[PDB]
């Protein structure tokens, strides 16, 4: 995983949000979190091959802090529909 992405993960706030792993400007995985910190830290110790791939292929991680979990739910659904990222099912 790129050092800058590891850094971004470790600095992520304990706040609801949506996160977007990207490669060359293109989203490759979009997810949401009740706590960005907790959820993103899970990528550091990959529990599945897919989590490993997402973290290795990304050259950028964008995070969006949201007002609450209701906003995370709809923003995540909307962005997945818009971008249809490689690793989202």
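Every number in this text was worked out from the coordinates using simple rules, so none of it is lab data. All Cβ positions, even for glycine, are placed from backbone atoms using ideal geometry, and neighbour counts span all protein chains on display.
Check region 15-30 and report whether any residue there is assigned to a loop (DSSP other than H, G, I, E, B) and in contact (Cβ under 8 Å) with a residue 40 or more places away in the chain. Yes, region 15-30 has at least one match. Report yes if residue 1 is in contact with a helix residue (DSSP H, G or I) (Cβ under 6 Å, 6 or more places away or on another chain) and not in a strand (DSSP E or B), otherwise no. Spelling it out, residue 1 is indeed in contact with a helix residue (DSSP H, G or I) (Cβ under 6 Å, 6 or more places away or on another chain) and not in a strand (DSSP E or B).
Can you confirm whether region 66-78 contains a residue that is without any contact (Cβ under 8 Å) to a residue 40 or more places away in the chain and outside any helix (DSSP H, G or I)?
Step one: filter region 66-78 for residues without any contact (Cβ under 8 Å) to a residue 40 or more places away in the chain, giving 70, 74, 77-78.
Applying the additional criterion that residues be outside any helix (DSSP H, G or I) yields none.
No: zero hits.
For every residue, the table says whether it meets (1) exposed (fewer than 15 other Cβ atoms within 10 Å of the Cβ); (2) more than 16 Å from residue 57 (Cα to Cα).
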{"residue": "3", "(1), (2)": "yes, no"}
{"residue": "10", "(1), (2)": "yes, yes"}
{"residue": "14", "(1), (2)": "yes, yes"}
{"residue": "18", "(1), (2)": "no, yes"}
{"residue": "23", "(1), (2)": "no, no"}
{"residue": "33", "(1), (2)": "no, yes"}
{"residue": "39", "(1), (2)": "no, yes"}
{"residue": "44", "(1), (2)": "yes, no"}
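Exactly one residue among 56, 62 is at negative phi, surrounded by fewer than 21 Cβ atoms within 10 Å (Cβ to Cβ) and not in a strand (DSSP E or B), and that residue is 56.
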